[PDB]
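Per-entry structural report
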Amino acid sequence: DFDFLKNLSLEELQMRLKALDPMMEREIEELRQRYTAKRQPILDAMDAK
Amino acid sequence: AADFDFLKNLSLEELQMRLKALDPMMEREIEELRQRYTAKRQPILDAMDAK
């Protein structure tokens, strides 16, 4: 909950909003990476039989 | 489990189960991420409606 937003422009609020979605998507992508590294040994162990 | 040397002594069926179990946990963590970003947008949206 930012407080510096009131005395801030409407164009500049829109930018801040727009910046968030890509930040989330990289965070999701990096989340998905931890899980790819979690799956990897399990998959390889299945190949080992 | 992060180590191959442990998991390779486990049965095929148990390995399929450990594998399937990661999906719901991941999807939960993602939803959680989404909910935190909902909180970041709220102050912007409010500030916009106040102008």
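Criteria and thresholds
Residues numbered from 1 in each chain as written, not as in the entry; some residues may be left out. Chains lettered and ligands numbered in written order. Heavy atoms only, no water. Residues with missing side-chain atoms left out of burial classes, pairs and counts. Axes fitted to C-alpha atoms, helices over the stretch in contact; angles between N-to-C directions. Helix = DSSP H or I, 4+ residues; strand = E, 2+ residues; numbered from the N terminus. Parallel < 35°, antiparallel > 145°, perpendicular 65-115°, else oblique. Nonpolar A, V, L, I, M, F, W, Y, C, P; charged D, E, K, R; others polar. Patch = residues over 30% accessible without salt bridge, like charges linked within 9 Å, V, L, I, M, F, W, Y side chains within 5 Å. Areas by Shrake-Rupley, 256 points an atom, 1.4 Å probe, with all protein chains shown as cover. Salt bridge = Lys/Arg side-chain N within 4 Å of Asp/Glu carboxyl O. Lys, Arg positive; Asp, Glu negative; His and termini not counted. Charge placed at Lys NZ, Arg CZ, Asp CG, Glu CD. Polar contact = N/O pair within 3.5 Å; in protein donor to acceptor, adjacent residues only side chain to side chain. Contact = heavy atoms within 4.5 Å. Expected span 1.5 Å × (residues − 1). Bend = angle between axes of the 7 residues up to and from the residue. Buried < 20%, exposed > 50% of the residue type's maximum accessible area, 1.4 Å probe, protein only.

The deposited coordinates for this entry were obtained by X-ray crystallography, with a reported resolution of 2.01 Å.

Side note on the packing of helix α1 (residues 10–48) of chain A against helix α2 (residues 12–49) of chain B
Two elements in contact, α1(A) and α2(B), have axes separated by 10 Å at closest approach and are oriented at 170°. With respect to α2(B), the axis of α1(A) lies roughly antiparallel. The residue makeup of the contact of α1(A) with α2(B), split by class, is 26 nonpolar, two polar and 12 charged.

Let's talk about a negative patch on the surface
There is a patch of like negative charges on the surface, built from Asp21(A), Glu25(A), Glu29(A) and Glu30(A). Note that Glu25(A) resides in helix α1.

Some points on unusual backbone geometry
Positive phi, normally seen in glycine, also occurs at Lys49(A), with a value near 60°. With respect to the helices and strands, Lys49(A) occurs in the segment after α1. With a phi angle near 80°, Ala2(B) is a residue other than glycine that sits in the positive phi range.

Here we look at the side chain of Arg39(A)
Following the sequence through the fold, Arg39(A) ends up in helix α1. Within the structure, the side chain of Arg39(A) is placed 3.2 Å from the side chain of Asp23(B), a separation counted as a polar contact. Every residue in contact with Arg39(A), bar those within four places of it in the chain, is listed here: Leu19(B), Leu22(B), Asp23(B) and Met26(B).

What to know about α2(B)
Between its terminal C-alpha atoms α2(B) stretches 57 Å, which fits the 56 Å expected from 38 residues at 1.5 Å a residue. In α2(B), a bend of some 25° at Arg41(B) exceeds every other bend along the element, and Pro43(B), a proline, comes one to four places later. For α2(B), the complete set of buried residues consists of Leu15(B), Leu19(B), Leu22(B), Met26(B), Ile30(B), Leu33(B), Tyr37(B), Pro43(B), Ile44(B), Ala47(B) and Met48(B). Elements that come into contact with the buried residues of α2(B) comprise α1 of chain A together with α1 (4–7) of chain B.

Quick notes on the interface of chain A and chain B
Listed per partner, the contact involves 27 residues of chain A and 29 residues of chain B. When the residues that make up the side of chain A that touches chain B are grouped by side-chain class, the tally is 18 nonpolar, one polar and eight charged.

Brief notes about the environment of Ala39(B)
All names here are of chain B. As for its position among the elements, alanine 39 is in helix α2. What makes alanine 39 partly exposed here is its relative accessible area of 46%. For the pair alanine 39 and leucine 12, spaced 27 residues apart in sequence, the C-alpha to C-alpha distance is 43 Å.

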